[PDB]
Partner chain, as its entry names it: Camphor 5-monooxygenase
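Starting off, we have a lone chain in the form solved without the partner chain, written out as structure tokens.
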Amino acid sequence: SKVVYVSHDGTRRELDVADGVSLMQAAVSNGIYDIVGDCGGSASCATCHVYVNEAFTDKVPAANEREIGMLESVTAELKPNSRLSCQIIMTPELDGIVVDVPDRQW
């Protein structure tokens, strides 16, 4: 399934992500270092922060308590559509989803 990562400078990168893989795993596995899973993907850091395109913000599963609490630690601006990419798990239903990588993760 397709996932589009948009850098701060507008650079777009499209990856084919398998079912069950998180957006953080796909990013780090394909050189999108601007996203770094410091904690390893267990919602214990905020370095995998991304902005889910408003066209998918209400499709993807809502953030749980752990994520909501960890989001307050993001270094970039915390927007309404801010999410931790390690919490977004790919499925065919998310094909075409677009996420913007923040200017910084620290």
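Residue numbers count along the first chain shown, from 1.
Taking the mean C-alpha B-factor of each stretch as recorded, 41-49 and 55-63 are not equal, and the higher mean is that of 55-63.
The question of which stretch, 76-84 or 22-30, has the higher mean Cα B factor is settled in favour of 76-84. Annotation for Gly96: CA B-factor lies in the middle third of the chain's modelled residues.
One more form of this protein, solved in complex with the partner chain, exists but is not displayed; see below.
Relative to the partner chain in the bound PDB entry, residues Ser1, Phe56 and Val60 are all farther than 4.5 Å at every heavy atom. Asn81 falls outside the set of residues with a heavy atom inside 4.5 Å of the partner chain in the bound PDB entry. None of the heavy atoms of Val52 is located within 4.5 Å of the partner chain in the bound PDB entry.
Contacts between 59-82 and the partner chain, taken as any heavy atom within 4.5 Å in the bound PDB entry, involve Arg66, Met70, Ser73.
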